[PDB]
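Take a look at this single chain, the form deposited in one PDB entry, given in structure tokens.
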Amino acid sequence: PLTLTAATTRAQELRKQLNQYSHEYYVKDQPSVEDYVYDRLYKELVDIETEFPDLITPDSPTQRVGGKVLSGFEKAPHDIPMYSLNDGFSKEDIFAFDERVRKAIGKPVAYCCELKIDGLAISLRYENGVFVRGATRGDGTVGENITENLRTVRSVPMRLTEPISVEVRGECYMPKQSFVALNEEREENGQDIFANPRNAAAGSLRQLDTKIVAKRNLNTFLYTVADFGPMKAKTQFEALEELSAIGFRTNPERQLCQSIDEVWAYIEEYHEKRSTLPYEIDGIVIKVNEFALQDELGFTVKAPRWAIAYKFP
């Protein structure tokens, strides 16, 4: 028989060890231990939580299966607005963007280039390391509060290793394989299929029963912060590294490009790498790397002047 005193301590040990394995597997996409190692520890933890339910915590990995059912979503304000992107569709559009940027800044400028993840924009707020809100972008200043759903998204950390208070933003999406699998399941049960993974991700995040969401195999790539503060990055490329460092999943395919020509080369590179990716992209996002230069260019009503989305036709 395990006592409550012994259980309380052991559960924390298990949470920590299981969450680390989960970080490796779900965020770094590189598990260190064999699944049975994880499964055996996880069952030990379930046994403890079953026997002493009071030991269940929000950062325990058993909570990933969800359980909550909402009546609706609360409004989720974004005091720091979530903008959208200006678009370009031609080589010319991208070079014109660069020409306008140089005209404004007065010198050559480096670009951080990222794949444009075809999904939904999300915002994740942490207080003292604890996940406390997840939100859709919505209309840019108000989205929906989908905190409970995002708890089931395995790459989203429930507790960061460092008790940092930050709100990070990125994309939540459904991998191609999961998209295919989910549509087959819908065909089998007489449901209408989703037209594409973007729509499947959106419908999934709109579900009110978290237990169903937990089954939809959603994933994330984080690419910015709303409010910096403790963050030390001074360039986007630094921001991507820092996001990884503090425990978020980031897309590995980014490159710091020192000329607009390098940018065009990146676009052509991944335009042909496109189909080999396990996820859908609808283009490339080109960002002015230096945050100080981003500030200098500012924002239109709709979008930053320091970035542009090259859309695949």
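For clarity, a rigid core is taken as the largest C-alpha set superposing within 1.5 Å between two forms. One rule holds for the numbers: they count along the sequence shown, beginning at 1. Residues that one form lacks are left out of the comparison.
Beyond the structure shown, there is the form deposited in another entry, which is absent from this document and is the topic of what follows.
Core-superposed comparison between this form and the one not shown: CA of residue 43 displaced by 2 Å or more. After superposition on the rigid core, the Cα of residue 13 moves by 2 Å or more between this form and the one not shown. In contrast to the form presented, in the other entry the C-alpha positions of residue 30 and residue 270 spread farther apart by 3 Å or more. In the other entry, the separation between the C-alpha atoms of residue 66 and residue 82 shrinks by 3 Å or more relative to the displayed form.
Regions that shift between this form and the one not shown, defined as runs of three or more consecutive residues whose CA atoms all move by 2 angstroms or more after core superposition, reduce to a single one, 1 to 72.
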